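Descriptive structure summary
Read off the chains here:
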Amino acid sequence: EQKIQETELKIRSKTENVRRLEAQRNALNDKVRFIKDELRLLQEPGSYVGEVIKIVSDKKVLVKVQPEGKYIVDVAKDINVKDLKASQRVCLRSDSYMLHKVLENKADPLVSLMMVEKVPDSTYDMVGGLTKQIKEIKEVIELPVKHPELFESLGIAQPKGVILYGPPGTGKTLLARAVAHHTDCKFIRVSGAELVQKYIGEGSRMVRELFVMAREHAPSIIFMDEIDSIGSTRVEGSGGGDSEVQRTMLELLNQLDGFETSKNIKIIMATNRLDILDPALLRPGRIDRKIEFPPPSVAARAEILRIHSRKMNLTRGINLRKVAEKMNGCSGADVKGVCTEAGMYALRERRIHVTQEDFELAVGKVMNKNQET
Amino acid sequence: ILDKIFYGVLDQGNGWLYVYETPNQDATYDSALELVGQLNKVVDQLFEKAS
Amino acid sequence: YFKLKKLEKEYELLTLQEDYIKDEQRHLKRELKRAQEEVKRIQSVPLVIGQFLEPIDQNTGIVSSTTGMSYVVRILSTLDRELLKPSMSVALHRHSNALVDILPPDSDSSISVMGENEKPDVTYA
Amino acid sequence: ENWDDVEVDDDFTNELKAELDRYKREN
Amino acid sequence: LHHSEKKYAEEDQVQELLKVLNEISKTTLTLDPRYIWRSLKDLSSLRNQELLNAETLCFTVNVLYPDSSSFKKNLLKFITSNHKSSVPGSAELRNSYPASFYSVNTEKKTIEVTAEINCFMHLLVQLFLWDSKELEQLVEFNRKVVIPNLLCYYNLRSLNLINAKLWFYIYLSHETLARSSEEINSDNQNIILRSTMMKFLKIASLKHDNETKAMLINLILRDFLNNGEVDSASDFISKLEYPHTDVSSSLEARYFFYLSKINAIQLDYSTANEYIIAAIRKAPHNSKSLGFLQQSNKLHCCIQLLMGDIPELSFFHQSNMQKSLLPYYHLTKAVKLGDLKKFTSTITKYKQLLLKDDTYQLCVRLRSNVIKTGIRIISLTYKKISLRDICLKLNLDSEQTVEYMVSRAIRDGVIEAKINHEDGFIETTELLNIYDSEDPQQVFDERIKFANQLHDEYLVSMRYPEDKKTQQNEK
Amino acid sequence: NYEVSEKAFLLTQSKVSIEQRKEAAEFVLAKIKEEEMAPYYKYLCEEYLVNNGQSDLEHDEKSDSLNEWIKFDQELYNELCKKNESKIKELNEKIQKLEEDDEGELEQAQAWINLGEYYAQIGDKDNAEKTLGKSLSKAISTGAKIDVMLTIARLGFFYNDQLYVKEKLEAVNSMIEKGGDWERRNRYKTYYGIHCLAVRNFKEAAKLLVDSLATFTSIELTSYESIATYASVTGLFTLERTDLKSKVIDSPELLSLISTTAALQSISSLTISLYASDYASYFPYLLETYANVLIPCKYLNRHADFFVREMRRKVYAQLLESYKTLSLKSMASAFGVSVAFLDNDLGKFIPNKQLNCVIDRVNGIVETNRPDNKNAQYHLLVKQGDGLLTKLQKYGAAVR
């Protein structure tokens, strides 16, 4: 019976070769599904996005089309007609001009610098160094945003806005990204240049885009430009730019508390003087708390020099407190400038570390540079 | 010639001279630089997925 | 006696699967042939301009063309997450409406013209 | 790693190296 | 006290027995019990010391004994048996269960359970013999039993893996008896041992068992090296019956080690140099393989010196085993400088140490390569050297003697030079500039197949384990 | 502590002048009076033997030496007990009050560091690291971290430990990585380059020495003038002739070292003579490099002859590039070497595959061996295939 058992050896021997066939079969099925998806996707005429207006008991629906207008389409067989609500984001096919699919509900209009980000790159260590600067942020921002029940338990409102102060050369612009990064919130930057155009309605629609976006995205942080006088990013306002859109902007921002009644919305604004804007902004709901940048004294700038020394390479025997006593009213821009000057003398010496002799030459240059104008 | 300015070799015994072209080779072994860097990393990462 | 019959029944699988291995290789050559033909239909001669907005699924995305009407195109297999720009002006197809290539944000237009020099001839120092 | 570490040479220390200075004046 | 000691080890022995009992009954799982039997050798050796010897006494009483009643008594007779409840039938764990080898159907001989029980019984017997180091009558008595029993039984795929490890104990226990004492009964016993290996090797040839043929060949090749028969070793390796697929890496390294010693006396060192390298790569680096790594590393140095090439000194330095490699270090320096009196005094002091591994007899052939290497050193440094200048370096006999040592060199193409007698100097014939020839292209074509050799052993091995994923249910 | 170890090292083997040990005896005799060298003072007899090591009045009574000042006396015996009292017994009562009263943290940690430094001069390495561990828990900033790297370094330079020092320095820097300035980072990197001299890493010793600045001074570990010799000898040993021009011969720090101390004669004599292709005057420059640098230094004695041999083979290779065939009246005549001795130089270098050259007997024409069309695309191109195949099949054959 060994002759038959020897023939059985071919079954187990060729079985290992059969297993190689299973390797090419799965690789072949991936190519079949790939080519099959080519004819389906490439022949699609395309589909746009529209908002649901109202539902009809006749198994139709009215969807507003941006390039066209309100047009009644037919509800798809896999889509519920009753699940469609007002201003619901759905997908409509451009061929038959009917309903195609349903997307997730969110506000996504034309985006110019309006894109909502999450935890950008910033830290309290680089833009910090002052005790009162960070402490006032915790009370005005960190407490009401993270724990809104603190003010609600006492039956009092919580600040939704802040006005930044202090002499020029603060650096609070990058600090705004640290507020959204450490609090795990969403950063929203509002640039008045992209939201104001000569076309009719741009000073309105672009502002209403922020109004509709802030409804669902309310747990976020908003930062507005063009008003900032504090010296970090300073346009010193606009005489003719803020003389027109001021009417279609500030009225829609106050409707958040009056109409939307949405919380956890932080409006970060900065100005050194109130001139071209509304003198009535001092009312609650717009300007609540005011954080002033303390003067860069010796004790305040002593820790600021310790900020760069962590990233910078320094030698031994350097006194960071004595350097702070050598100047007067040194802003945040001049600190980064004198550290840049100190790195220039190190390149001439071909040393990766900045010797104490280079600092005395760098401090002498920044004092005469800051004295002019 | 010691500083690689002029390309050539002389003969001190017979007072002769020879022809020396500037390129002595081309790019061949340079492909092993990407080969040695791959087998010292990719191979080590394969042991991590096994355990 | 069933031991002899159960063995001969297993060679029927071994009979077809020997020549079926090379059938997949010849089919793979046809799949690679069709793969090169599908790439040509994505771009070829016709091309248009479109603005990317948001994706949905692999090889699927929502864009905005020049005419203003949005269309669902087929995202290139190379662009997935990091390589795919969240908002960028890209190239599309006229009819089939498929993604083509990422176009650079050209600042040259008829309004707000900013000049640019290419290889100045002035010698340094 | 071949003909390098422990075998060394056991020459070229002093006597052989110091002799080569006298050859300069003998020419 | 003693009662609780016997029942504890027997429960663990049956627990490991029931795992391999149910796997061999349904279809063929035999690949799985092979992994369990690897740990069975280590778990049993540690267990033999604890709970004394009484774990094997109650195990025989539990199951049915075809031959095994008198074998335990004979094993217990040499140790001066201490009898505690030693009457057969004292411990009964069967209690009429299907997995317990139900007694009524077993005692009525209506079913045969002896196949898996008897073959497993002989395995535990050989484990205690090597642990207790029992010799003399107990070695020959068990050899007369297992061998006739294997010829009567018909071994299946799983049954061939049982006795595959028993043949190692037959050859191991026979060699330890001869080295302990030499007698006329040991030489005649080795004659039957040699004829028995070839009879069962033919049986495993039809079954095509990978582990069985791997264990036999390693034991057969070692027997040829002890007797030193060239015709028997050369004809045995020409068949190439050794499977390279499922055999363990430890069994592979032992195979390449034999080919290095066989090809060493064949005066072909090109193939023998590769076999000693492959034996190191296949052998594990753990402590249990140090015995093989110690002998294999000593053979590598002998192969290199016989090729004219000198091995690296870092092998005798950065390693941790260099304490035993000291005799080979002085042989390395003597070949380089070509000193006449250095090699003679080197092999004289270590003559006793090198006799154990039989590497001192190969040192006689190393004497010829002492000058041959020195000729290669002086030939590369001096292209044209006078005939009298070589004798002044190595302190040779005469110019007539040195002329004929270069003769034996270039016959095989070692030095590749010529001897001009009329001009009176030896000139090197190598002009280099071989990059433009086709000789390098011959080796270049071999490197393409070397990279392609890694395909069929790899791409096929992907789906090999994967058949258990599609068959078994997943969450 | 390094000033004694450098001078007393001449007491080991001096084949040239006895006055080298006499001038060094004035430094050893002066330091043992102020501080107790007993761990190193007794280590002189227990390090090397049968030269100056046999003379002792305490452990073993014999006289073999060229200097009798290495023997114990009653003066050093009384000073040994004084160091165990003022530095230990007096401080042990003061440090015990700070531990019970719990006064400060960093202020008390500095007392344990200063106490641990006393055990280094006494020779107790168990209590030196024990008091360091108690101060390590109280240390936070890098002010107390600078004395941690020295404590382990004192085992290598003072106690002469080539093994446990390298393993401990890598563990401390890996746990807390700061580095301070470049001079603090040199203290780790300087030993890494010096440790290569014991394990014979050849050109890998100057890797971290060249990048280190010339102002590095460790005092007790090493001095300012001695550290300049390590970077000068090993720098030319590692960097090739092309790197000597833009780094060694022209440097702001290096050229200031030889101007102050004339005992180097490396970055100048061995360079300028090589740039001028003059091998006649290049030969005697190796005498002052071997005799006045390598011999007096401790760690440079591990190699010795290994230095100048590779430097000669390097400069002989540059001569082979300037001419295809050389002459017997060029190398073996004007340079001072002799036919018998010069042939022994390259005689063992060629079979080592370090340098390829052809030496002639009768006509005496040295030919330059060149690979021509072979170069690195012949043997080096195919070597990477099988060289990486072993590491590629290591995890492939054994799986996990």
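Criteria and thresholds
- Along every chain, residue numbers run from 1 in sequence order, not necessarily as the entry numbers them; residues that have no coordinates are omitted.
- The naming scheme follows written order: chains are lettered A onward, ligands numbered 1 onward.
- Although these chains sit within a larger assembly, the values stated refer solely to the portion shown.
- Only heavy atoms go into the side-chain values, all of them from the structure, while hydrogens and water stay out.
- Secondary structure follows DSSP: runs of H or I at least 4 residues long count as helices, runs of E at least 2 residues long count as strands, and numbering of each begins at the N terminus.
- The buried label applies to any residue whose accessible area, calculated with a 1.4 Å probe on protein chains only, is under 20% of its type's maximum; exposed applies above 50%, and partly exposed to all values in between.
- Contacts are residue-level and defined by heavy atoms, with any inter-residue pair within 4.5 Å sufficient.
- Where accessible areas are quoted, they stem from the Shrake-Rupley method and a 1.4 Å probe; at the residue level, only the protein chains shown are allowed to cover.
- Think of it this way: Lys and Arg go in the positive column, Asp and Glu in the negative one, and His and the chain ends go nowhere.
- Throughout, a charge is located at the NZ atom of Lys, the CZ atom of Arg, the CG atom of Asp or the CD atom of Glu.
- Each patch is built from residues that are more than 30% exposed by relative accessible area and take part in no salt bridge. Like charges join if they lie within 9 Å; nonpolar side chains (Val, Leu, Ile, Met, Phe, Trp, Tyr) join within 5 Å.
- Salt bridge, as applied in this entry: a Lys or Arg side-chain nitrogen positioned within 4 Å of an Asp or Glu carboxyl oxygen.
- A pocket, in this scheme, is an open set of points on a 1 Å grid over the protein atoms alone with protein on both sides within 12 Å along at least 5 of 7 lines, while a cavity is a set where a 1.4 Å probe fits but cannot get out; residues line either one if an atom lies within 4 Å of a point.
- Grid points are joined across faces, edges and corners, and a volume is the space filled by probe spheres set on the points.
- Here the term charged refers only to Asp, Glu, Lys and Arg, the term nonpolar to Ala, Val, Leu, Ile, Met, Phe, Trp, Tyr, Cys and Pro, and the term polar to all other amino acids, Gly among them.
- UniProt positions are given in the numbering used here, feature names are shortened, and annotations may be inferred rather than shown by experiment.
- Lines fitted to C-alpha atoms define the axes here, with helix axes fitted over just the stretch in contact, and angles between the N-to-C directions of these axes take values from 0 to 180 degrees.
- The crossing is said to be left-handed when, going from far helix to near helix, the turn is anticlockwise and less than a right angle, and right-handed when the turn is clockwise.
- In this scheme, strands are said to pair when DSSP sees at least two bridges between them.
- Once two parts are put together, the accessible area they lose, assessed with a 1.4 Å probe and summed over both, is termed the buried area.
- Between N or O atoms, a polar contact is any pair within 3.5 Å; within protein, one atom must be a potential hydrogen donor and the other a potential acceptor, and residues adjacent in sequence are included only when both atoms are from side chains.
- Domain boundaries shown here were taken from an automatic or database domain assignment.
- Residues belong to one nonpolar core when they are buried, are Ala, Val, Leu, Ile, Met, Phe, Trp, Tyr or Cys, and are joined through side-chain atoms within 4.5 Å.
- For this classification, under 35 degrees means roughly parallel, over 145 means roughly antiparallel, 65 to 115 means roughly perpendicular, and everything else is oblique.

Focus on the overall build of chain F
- Along its length, chain F carries 20 helices and 3 strands.
- Principal-axis analysis of the C-alpha atoms places the extent of chain F at approximately 85 × 60 × 45 Å.
- Counting over 400 residues, chain F shows a buried share of 45%.
- Sequence separation of 24 or more characterises 60% of the internal contacts of chain F that already satisfy a separation of 6 or more.
- Carbon and sulfur atoms form 50% of the exposed surface of chain F, whose accessible area is close to 21300 Å².
- The positive charge centre, built from 51 side chains, and the negative charge centre, built from 59, are 8 Å apart in chain F.

A look at the overall build of chain A
- The number of helices and strands found in chain A is 10 helices and 11 strands.
- Referenced to the eigenvectors of the C-alpha coordinate spread, the extents of chain A come out at roughly 100 × 75 × 45 Å.
- For chain A, with 373 residues in total, the buried portion stands at 40%.
- Contacts in chain A between residues at least 24 apart in sequence constitute 70% of all its contacts with a sequence separation of at least 6.
- Of the side-chain charges in chain A, 60 are positive and 53 negative, and the distance between the mean point of each set is 3 Å.

Observations regarding a positive patch on the surface
Residues and elements named next belong to chain C.
- Residues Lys22, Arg26, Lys29, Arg30, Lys33 and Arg34 make up a contiguous surface patch of positive charge.
- Along the chain, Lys29 turns up in helix α1 (residues 2-42).
- Using a relative accessible area of 63% as the deciding quantity, one classes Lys29 as exposed.

Some details on empty space enclosed by the protein
- The volume enclosed by the largest cavity comes to roughly 290 Å³.
- If you trace the largest cavity, you find 20 residues lining it, with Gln126(E), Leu129(E), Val139(E), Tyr169(E) and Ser173(E) closest to the centre.
- When residues of the lining of the largest cavity are traced back to their parent elements, those giving at least two are α6 (114-132), α7 (137-152) and α9 (166-180) of chain E.
- The greatest single-element share of the lining of the largest cavity, amounting to 7 residues, is contributed by α9(E).
- Here the lining of the largest cavity is composed, by residue class, of 11 nonpolar, 6 polar and 3 charged.
- The volume enclosed by the second largest cavity comes to roughly 240 Å³.
- Lining the second largest cavity are 22 residues; nearest its centre among them are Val190(A), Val207(A), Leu210(A), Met224(A) and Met249(A).
- Here the lining of the second largest cavity gets 6 residues from one element, more than from any other, and that element is helix α5 (residues 202-216) of chain A.

A short note on the UniProt feature "domain: PCI" in chain F
- UniProt tags residues 201-373 of chain F as "domain: PCI".
- The annotated region residues 201-373 of chain F carries 53% helix and 4% strand content, and the separation between its end C-alpha atoms amounts to 32 Å.

Here we look at the packing of α6(E) against α9(E)
Residues and elements named next belong to chain E.
- For the pair α6 and α9, interaxial distance at closest approach is 10 Å and the crossing angle is 35 degrees. With respect to the hand of their crossing, α6 and α9 are arranged in left-handed fashion. Counted together, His122, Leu123, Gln126, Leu127 and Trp130 of α6 and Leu166, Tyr169 and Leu172 of α9 form the full contact between these two elements.
- A class-by-class count of the residues in the contact of α6 with α9 yields 6 nonpolar, 2 polar and no charged.

Regarding the arrangement of the chains
- Out of 7 pairs of chains that touch, the pair holding the most contacts is chains A and C.
- At their nearest point, the C-alpha atoms of chain B and chain C are still 23 Å apart, with no contact between the two.

Side note on the UniProt feature "repeat: TPR" in chain F
- UniProt's feature table lists "repeat: TPR" at residues 109-142 of chain F, given in the numbering used throughout.
- Secondary structure content for residues 109-142 of chain F is 82% helix and 0% strand, while the C-alpha to C-alpha distance between its ends is 13 Å.

Remarks on the pairing of strand β5 (residues 98-102) of chain A
- Relative to β5(A), strand β4 (residues 88-93) of chain A runs antiparallel, the two sharing 4 bridges. Each bridged residue has a counterpart across the sheet, and for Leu92(A) the counterpart in β5(A) is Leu99(A).

What about the interface of chain A and chain C?
- In this complex, chain A contributes 35 residues to the contact, which on the side of chain C involves 34 residues.
- On the chain A side of the interface with chain C, the three residues burying the most area are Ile11(A), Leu21(A) and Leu42(A), jointly 20% of the side's total.
- Applying the counting rule to chain A against chain C returns 3 salt bridges.
- Across the pair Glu38(A) and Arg74(C) runs a salt bridge, and its minimum N-O distance is 2.4 Å.
- Taken together, the links from chain A to chain C amount to 8 residue pairs in polar contact.
- Where the side of chain A that touches chain C is concerned, the elements lending two or more residues are α1 (2-42) and β1 (47-56) of chain A.
- With 20 residues, α1(A) is the largest single contributor of residues to the side of chain A that touches chain C.
- For the side of chain A that touches chain C, a count of residues per class yields 19 nonpolar, 6 polar and 10 charged.

Regarding the domain arrangement of chain F
Residue and element names in this part refer to chain F.
- Domain boundaries assigned for chain F yield domain 1 (1-322) and domain 2 (323-369).
- With centres defined by C-alpha atoms, the gap from domain 1 to domain 2 works out at 39 Å.
- At the junction of the two partners, domain 1 supplies 11 residues and domain 2 supplies 14 residues.
- Together domain 1 and domain 2 conceal approximately 1300 Å² of surface at their shared face, both sides included; 71% is due to carbon and sulfur atoms.
- Interface area lost by domain 1 to domain 2 is led by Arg313, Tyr316 and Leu320, which between them contribute 53%.
- The interface formed by domain 1 and domain 2 holds 0 salt bridges in total.
- Summed over the shared surface of domain 1 and domain 2, the number is 2 residue pairs in polar contact.
- Looking at which element gives the most residues to the side of domain 1 that touches domain 2, the answer is helix α16 (residues 305-322), with 8 residues.

A few points about the pairing of strand β3 (residues 70-73) of chain C
Residues and elements named next belong to chain C.
- On β3, burial covers both faces: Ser70 and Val72 on one face and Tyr71 and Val73 on the other are all buried.
- Pairing of strand β2 (residues 61-65) with β3 involves 4 bridges; the strand directions are antiparallel. In the sheet register, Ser64 faces β3, and the bridge partner there is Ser70.

Digging into a negative patch on the surface
- Together, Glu99(F), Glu100(F), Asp101(F), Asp102(F), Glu103(F), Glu105(F) and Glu107(F) line one region of the surface with negative charge.
- Considering each element in turn, the negative patch owes the most residues, 3 residues, to helix α4 (residues 74-101) of chain F.

Considering the sheet that holds strand β6 (residues 117-118) of chain A
All names here are of chain A.
- Spatial strand order, β6-β8-β9-β10-β7-β11: 6 strands in an open sheet with mixed pairing. Each edge of the open sheet carries a strand with a single partner, namely β6 and β11 (289-291).
- The pairing of strand β7 (residues 161-164) with β11 spans 3 bridges and is parallel. Its bridge partner being in β11, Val162 is matched across the sheet by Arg289.

Digging into unusual backbone geometry
- Phi at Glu226(A) takes a positive value of approximately 75 degrees, unusual for a residue other than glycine.
- As for its placement among the helices and strands, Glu226(A) is situated in the loop between β9 (220-224) and α6 (246-260).
- Judged by relative accessible area, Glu226(A) falls into the partly exposed class, the value being 22%.
- Positive phi outside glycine occurs at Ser112(C), with the angle close to 60 degrees.
- Given the relative accessible area of 55%, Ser112(C) is considered exposed.

Considerations on the nonpolar core
- Counting 83 residues, the largest nonpolar core has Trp167(E), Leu221(E), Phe343(E) and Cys363(E) as its most contacted members.
- Beyond its immediate chain neighbours, meaning those up to four positions away, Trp167(E) contacts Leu150(E), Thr196(E), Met197(E), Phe200(E), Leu216(E) and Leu219(E).
- The next biggest cluster of nonpolar side chains, apart from the first, holds 78 residues, and it includes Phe157(F), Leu197(F), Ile267(F) and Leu320(F).

A short note on the packing of helix α8 (residues 164-175) of chain F against helix α9 (residues 182-199) of chain F
Residues and elements named next belong to chain F.
- Between α8 and α9, the least distance of the axes is 11 Å, while the angle of their chain directions is 150 degrees. The angle between α8 and α9 falls in the class roughly antiparallel. Along this stretch, α8 crosses α9, giving a crossing that reads as left-handed. Residues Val165, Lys166, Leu169, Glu170, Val172 and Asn173 of α8 form the contact with α9, whose own contacting residues are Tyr188, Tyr191, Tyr192 and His195.
- Looking at the contact of α8 with α9 residue by residue, the classes come out as 6 nonpolar, 2 polar and 2 charged.

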